[PDB]
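The file input.cif contains mmCIF, C-alpha atoms:
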data_final
loop_
_atom_site.group_PDB
_atom_site.id
_atom_site.type_symbol
_atom_site.label_atom_id
_atom_site.label_comp_id
_atom_site.auth_asym_id
_atom_site.auth_seq_id
_atom_site.Cartn_x
_atom_site.Cartn_y
_atom_site.Cartn_z
ATOM 1 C CA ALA A 1 124.531 67.749 122.743
ATOM 2 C CA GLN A 2 121.526 66.933 120.548
ATOM 3 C CA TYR A 3 120.288 70.508 120.875
ATOM 4 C CA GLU A 4 123.160 72.980 120.447
ATOM 5 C CA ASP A 5 123.229 76.750 120.741
ATOM 6 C CA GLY A 6 123.894 78.083 117.248
ATOM 7 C CA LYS A 7 122.172 75.028 115.724
ATOM 8 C CA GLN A 8 118.412 74.668 116.408
ATOM 9 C CA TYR A 9 118.387 77.923 118.243
ATOM 10 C CA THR A 10 120.538 80.891 119.147
ATOM 11 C CA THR A 11 120.836 82.638 122.478
ATOM 12 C CA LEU A 12 120.217 86.343 122.811
ATOM 13 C CA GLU A 13 123.272 88.389 123.774
ATOM 14 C CA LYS A 14 120.671 90.723 125.274
ATOM 15 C CA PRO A 15 118.097 88.611 127.143
ATOM 16 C CA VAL A 16 114.625 90.208 127.431
ATOM 17 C CA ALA A 17 113.049 90.279 130.904
ATOM 18 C CA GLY A 18 109.301 89.894 131.432
ATOM 19 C CA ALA A 19 108.972 88.607 127.869
ATOM 20 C CA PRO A 20 106.056 86.445 126.693
ATOM 21 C CA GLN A 21 106.779 82.726 127.112
ATOM 22 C CA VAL A 22 106.419 81.861 123.424
ATOM 23 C CA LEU A 23 106.579 84.916 121.171
ATOM 24 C CA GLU A 24 106.215 84.638 117.400
ATOM 25 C CA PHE A 25 106.698 87.483 114.853
ATOM 26 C CA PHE A 26 105.322 87.543 111.365
ATOM 27 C CA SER A 27 104.303 89.743 108.441
ATOM 28 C CA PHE A 28 101.450 89.227 105.991
ATOM 29 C CA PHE A 29 104.064 90.208 103.323
ATOM 30 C CA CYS A 30 106.456 87.442 104.436
ATOM 31 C CA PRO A 31 106.568 84.387 102.123
ATOM 32 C CA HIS A 32 107.870 81.869 104.716
ATOM 33 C CA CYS A 33 105.240 83.218 107.107
ATOM 34 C CA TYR A 34 102.578 82.188 104.614
ATOM 35 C CA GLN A 35 104.066 78.674 104.545
ATOM 36 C CA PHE A 36 104.217 78.694 108.382
ATOM 37 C CA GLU A 37 100.511 79.503 108.502
ATOM 38 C CA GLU A 38 98.921 77.599 105.647
ATOM 39 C CA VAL A 39 101.235 74.696 104.792
ATOM 40 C CA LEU A 40 103.123 73.940 108.049
ATOM 41 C CA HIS A 41 100.703 75.187 110.737
ATOM 42 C CA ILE A 42 103.709 75.925 112.968
ATOM 43 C CA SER A 43 101.795 77.776 115.674
ATOM 44 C CA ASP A 44 99.268 74.965 116.026
ATOM 45 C CA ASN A 45 101.876 72.243 116.216
ATOM 46 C CA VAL A 46 103.967 74.134 118.740
ATOM 47 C CA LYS A 47 100.838 74.541 120.891
ATOM 48 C CA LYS A 48 100.062 70.813 120.747
ATOM 49 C CA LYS A 49 103.446 70.052 122.282
ATOM 50 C CA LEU A 50 103.597 72.779 124.918
ATOM 51 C CA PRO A 51 102.773 72.110 128.646
ATOM 52 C CA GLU A 52 99.888 73.544 130.676
ATOM 53 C CA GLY A 53 100.235 77.201 131.647
ATOM 54 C CA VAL A 54 101.946 78.286 128.457
ATOM 55 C CA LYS A 55 100.517 81.223 126.594
ATOM 56 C CA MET A 56 101.495 81.833 123.003
ATOM 57 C CA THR A 57 101.791 85.334 121.603
ATOM 58 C CA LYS A 58 101.905 86.350 117.938
ATOM 59 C CA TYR A 59 102.716 89.870 116.712
ATOM 60 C CA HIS A 60 102.785 91.538 113.293
ATOM 61 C CA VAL A 61 105.766 93.667 112.215
ATOM 62 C CA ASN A 62 106.168 96.944 110.313
ATOM 63 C CA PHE A 63 109.407 96.494 108.406
ATOM 64 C CA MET A 64 107.885 94.819 105.363
ATOM 65 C CA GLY A 65 105.509 96.406 102.911
ATOM 66 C CA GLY A 66 105.890 100.087 103.806
ATOM 67 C CA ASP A 67 102.666 101.949 104.418
ATOM 68 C CA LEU A 68 100.494 98.850 104.005
ATOM 69 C CA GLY A 69 102.821 96.983 106.356
ATOM 70 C CA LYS A 70 101.916 99.436 109.108
ATOM 71 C CA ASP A 71 98.210 99.230 108.321
ATOM 72 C CA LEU A 72 98.508 95.481 108.723
ATOM 73 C CA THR A 73 100.141 95.832 112.154
ATOM 74 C CA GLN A 74 97.215 98.061 113.176
ATOM 75 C CA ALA A 75 94.713 95.550 111.678
ATOM 76 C CA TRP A 76 96.349 92.704 113.548
ATOM 77 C CA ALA A 77 95.911 94.786 116.729
ATOM 78 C CA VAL A 78 92.221 95.007 115.783
ATOM 79 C CA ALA A 79 92.114 91.236 115.277
ATOM 80 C CA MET A 80 93.737 90.672 118.709
ATOM 81 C CA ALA A 81 91.393 93.099 120.507
ATOM 82 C CA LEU A 82 88.288 91.492 118.967
ATOM 83 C CA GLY A 83 89.665 87.980 119.281
ATOM 84 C CA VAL A 84 89.191 87.275 115.600
ATOM 85 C CA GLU A 85 92.714 86.196 114.601
ATOM 86 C CA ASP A 86 91.548 82.787 113.446
ATOM 87 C CA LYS A 87 88.993 84.284 111.089
ATOM 88 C CA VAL A 88 91.182 86.819 109.339
ATOM 89 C CA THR A 89 94.654 85.271 109.178
ATOM 90 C CA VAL A 90 94.089 83.154 106.087
ATOM 91 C CA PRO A 91 92.196 85.775 104.005
ATOM 92 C CA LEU A 92 94.778 88.414 104.875
ATOM 93 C CA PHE A 93 97.669 86.165 103.816
ATOM 94 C CA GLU A 94 95.837 85.202 100.615
ATOM 95 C CA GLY A 95 94.777 88.773 99.842
ATOM 96 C CA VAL A 96 98.345 90.015 100.199
ATOM 97 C CA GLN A 97 100.305 87.134 98.621
ATOM 98 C CA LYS A 98 97.941 84.993 96.502
ATOM 99 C CA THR A 99 95.188 87.134 94.967
ATOM 100 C CA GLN A 100 96.934 90.443 95.641
ATOM 101 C CA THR A 101 93.602 92.088 96.298
ATOM 102 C CA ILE A 102 94.769 93.903 99.409
ATOM 103 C CA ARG A 103 96.201 97.250 98.344
ATOM 104 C CA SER A 104 94.835 99.742 100.885
ATOM 105 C CA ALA A 105 93.483 99.940 104.426
ATOM 106 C CA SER A 106 90.001 99.755 102.920
ATOM 107 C CA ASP A 107 90.841 96.400 101.347
ATOM 108 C CA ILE A 108 92.071 95.142 104.719
ATOM 109 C CA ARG A 109 88.796 96.297 106.232
ATOM 110 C CA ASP A 110 86.857 94.333 103.561
ATOM 111 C CA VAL A 111 88.510 91.114 104.743
ATOM 112 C CA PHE A 112 87.131 91.670 108.249
ATOM 113 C CA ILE A 113 83.638 92.541 106.920
ATOM 114 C CA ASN A 114 83.550 89.411 104.792
ATOM 115 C CA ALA A 115 84.664 87.475 107.881
ATOM 116 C CA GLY A 116 81.586 88.784 109.692
ATOM 117 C CA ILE A 117 82.922 91.594 111.866
ATOM 118 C CA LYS A 118 80.590 94.568 111.613
ATOM 119 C CA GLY A 119 81.882 97.770 110.041
ATOM 120 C CA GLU A 120 80.907 99.839 113.015
ATOM 121 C CA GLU A 121 82.676 97.326 115.292
ATOM 122 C CA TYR A 122 85.803 97.330 113.116
ATOM 123 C CA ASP A 123 86.066 101.113 112.712
ATOM 124 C CA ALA A 124 85.483 101.660 116.405
ATOM 125 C CA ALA A 125 88.265 99.205 117.213
ATOM 126 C CA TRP A 126 90.575 100.612 114.494
ATOM 127 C CA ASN A 127 90.359 104.055 116.122
ATOM 128 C CA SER A 128 90.458 102.922 119.765
ATOM 129 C CA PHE A 129 93.348 103.678 122.165
ATOM 130 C CA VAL A 130 93.180 100.070 123.261
ATOM 131 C CA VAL A 131 94.282 99.190 119.719
ATOM 132 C CA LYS A 132 96.827 102.051 119.832
ATOM 133 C CA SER A 133 98.369 100.411 122.868
ATOM 134 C CA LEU A 134 98.303 96.978 121.203
ATOM 135 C CA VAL A 135 100.191 98.462 118.264
ATOM 136 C CA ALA A 136 102.700 99.881 120.801
ATOM 137 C CA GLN A 137 103.124 96.448 122.368
ATOM 138 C CA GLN A 138 103.824 94.820 119.014
ATOM 139 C CA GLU A 139 106.395 97.451 118.162
ATOM 140 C CA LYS A 140 108.083 97.288 121.567
ATOM 141 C CA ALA A 141 108.370 93.485 121.580
ATOM 142 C CA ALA A 142 110.082 93.551 118.181
ATOM 143 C CA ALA A 143 112.357 96.426 119.243
ATOM 144 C CA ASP A 144 113.407 94.560 122.403
ATOM 145 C CA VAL A 145 114.950 91.752 120.292
ATOM 146 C CA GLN A 146 116.493 93.795 117.458
ATOM 147 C CA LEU A 147 114.130 92.201 114.989
ATOM 148 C CA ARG A 148 115.158 92.411 111.347
ATOM 149 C CA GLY A 149 113.618 89.222 110.005
ATOM 150 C CA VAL A 150 110.474 87.103 110.037
ATOM 151 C CA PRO A 151 109.140 84.495 110.752
ATOM 152 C CA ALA A 152 110.752 84.592 114.173
ATOM 153 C CA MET A 153 110.075 82.798 117.403
ATOM 154 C CA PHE A 154 111.538 83.641 120.794
ATOM 155 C CA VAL A 155 111.194 81.500 123.893
ATOM 156 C CA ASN A 156 111.177 83.217 127.319
ATOM 157 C CA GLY A 157 112.923 86.257 125.903
ATOM 158 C CA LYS A 158 116.281 84.472 125.721
ATOM 159 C CA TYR A 159 116.204 81.853 122.946
ATOM 160 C CA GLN A 160 115.536 82.351 119.238
ATOM 161 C CA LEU A 161 114.493 79.449 117.003
ATOM 162 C CA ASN A 162 116.872 78.686 114.132
ATOM 163 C CA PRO A 163 114.873 76.889 111.413
ATOM 164 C CA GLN A 164 117.744 77.189 108.885
ATOM 165 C CA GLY A 165 119.451 74.433 110.852
ATOM 166 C CA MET A 166 116.699 71.795 110.559
ATOM 167 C CA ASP A 167 116.111 69.227 107.737
ATOM 168 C CA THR A 168 113.597 70.432 105.107
ATOM 169 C CA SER A 169 113.329 67.378 102.830
ATOM 170 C CA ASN A 170 110.164 66.359 104.638
ATOM 171 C CA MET A 171 107.747 69.056 105.732
ATOM 172 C CA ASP A 172 106.189 67.039 108.587
ATOM 173 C CA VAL A 173 109.602 66.158 110.051
ATOM 174 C CA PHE A 174 110.596 69.814 109.911
ATOM 175 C CA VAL A 175 107.520 70.932 111.824
ATOM 176 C CA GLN A 176 108.040 68.400 114.631
ATOM 177 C CA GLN A 177 111.701 69.277 114.975
ATOM 178 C CA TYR A 178 110.660 72.888 115.228
ATOM 179 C CA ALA A 179 107.926 72.149 117.776
ATOM 180 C CA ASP A 180 110.127 69.734 119.770
ATOM 181 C CA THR A 181 112.815 72.427 119.895
ATOM 182 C CA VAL A 182 110.364 74.953 121.288
ATOM 183 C CA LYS A 183 109.366 72.379 123.954
ATOM 184 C CA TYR A 184 113.012 71.725 124.825
ATOM 185 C CA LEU A 185 113.750 75.454 125.122
ATOM 186 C CA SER A 186 110.588 75.934 127.137
ATOM 187 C CA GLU A 187 111.706 73.329 129.700
ATOM 188 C CA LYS A 188 115.176 74.879 129.863
#
Written form, structure tokens:
Amino acid sequence: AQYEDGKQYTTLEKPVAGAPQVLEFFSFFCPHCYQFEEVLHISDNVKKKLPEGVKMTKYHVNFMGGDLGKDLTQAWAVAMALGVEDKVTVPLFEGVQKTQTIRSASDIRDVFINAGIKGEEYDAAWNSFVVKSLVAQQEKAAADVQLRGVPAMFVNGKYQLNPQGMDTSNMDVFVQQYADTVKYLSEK
């Protein structure tokens, strides 16, 4: 076939029921994740090729960056609850990996403030049990699929994208192959 299990994707030995249709995992500490966000715009190109009725989910993970890694998972929960993902993703990536100005939860908080979320609104969210449950959801989704590496994308809880098996000489061609694979898997 043109698409082959073990080539553009792998199949989960343990399929996950009731999983999000397109589920992406990342870490703000993850160097390919930075590329995926700022250079490749993977999420946006996948979306442009997906059908109507397809929701896309993106979760942060704990297993990189120790204590700050966990703060970031909680901050991403805050971003999701407030619907401000698109305002904080770039400055969080840059603060962790480019300027290295994010060293504590307070520094994470500063990113949100500078992005225009009010302190009182941020702190209230940070401490809310709605955000506690969003943190639980992120952890459970990653646990369900035995997740030990990022970036990762899972389609319908049974297929896992395999970017290692795609050409990387041309960045644009890589992104479309990736997005076209997600579409293929989606229609499967």
Nearest to residue 53 (chain A) among A:133, A:11, A:100, A:21, with distances taken over only C-alpha atoms: which residue is it? A:21
Using all atoms listed in the file, find all polymer residues with an atom at most 8 Å away from the point (121.7, 78.8, 118.4); report them as an MDAnalysis selection string. chainID A and resid 4:11 159:162
Write the residues of the preceding selection, restricted to C-alpha atoms, as a PDB file, in the frame of the given file.
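Result saved to part_21.pdb:
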ATOM      1  CA  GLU A   4     123.160  72.980 120.447  1.00  0.00           C
ATOM      2  CA  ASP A   5     123.229  76.750 120.741  1.00  0.00           C
ATOM      3  CA  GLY A   6     123.894  78.083 117.248  1.00  0.00           C
ATOM      4  CA  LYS A   7     122.172  75.028 115.724  1.00  0.00           C
ATOM      5  CA  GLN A   8     118.412  74.668 116.408  1.00  0.00           C
ATOM      6  CA  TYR A   9     118.387  77.923 118.243  1.00  0.00           C
ATOM      7  CA  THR A  10     120.538  80.891 119.147  1.00  0.00           C
ATOM      8  CA  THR A  11     120.836  82.638 122.478  1.00  0.00           C
ATOM      9  CA  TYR A 159     116.204  81.853 122.946  1.00  0.00           C
ATOM     10  CA  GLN A 160     115.536  82.351 119.238  1.00  0.00           C
ATOM     11  CA  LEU A 161     114.493  79.449 117.003  1.00  0.00           C
ATOM     12  CA  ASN A 162     116.872  78.686 114.132  1.00  0.00           C
TER      13      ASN A 162
END
For the provided coordinates, the residues matched by the PyMOL selection byres ((chain A and resi 78) around 10) should be stated as number ranges by chain. A: 72-77, 79-85, 112, 121-128, 130-132, 134-135
If you apply the PyMOL selection byres ((chain A and resi 177-187) around 7) to this file, what residues do you get, as a PDB file with C-alpha atoms, keeping the file's coordinate frame?
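Output contents, as saved in expr.pdb:
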ATOM      1  CA  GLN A   8     118.412  74.668 116.408  1.00  0.00           C
ATOM      2  CA  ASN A  45     101.876  72.243 116.216  1.00  0.00           C
ATOM      3  CA  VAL A  46     103.967  74.134 118.740  1.00  0.00           C
ATOM      4  CA  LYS A  49     103.446  70.052 122.282  1.00  0.00           C
ATOM      5  CA  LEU A  50     103.597  72.779 124.918  1.00  0.00           C
ATOM      6  CA  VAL A 155     111.194  81.500 123.893  1.00  0.00           C
ATOM      7  CA  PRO A 163     114.873  76.889 111.413  1.00  0.00           C
ATOM      8  CA  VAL A 173     109.602  66.158 110.051  1.00  0.00           C
ATOM      9  CA  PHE A 174     110.596  69.814 109.911  1.00  0.00           C
ATOM     10  CA  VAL A 175     107.520  70.932 111.824  1.00  0.00           C
ATOM     11  CA  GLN A 176     108.040  68.400 114.631  1.00  0.00           C
ATOM     12  CA  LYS A 188     115.176  74.879 129.863  1.00  0.00           C
TER      13      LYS A 188
END
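Interatomic distance, CA of residue 146 (chain A) against CA of residue 165 (chain A): 20.7 Å.
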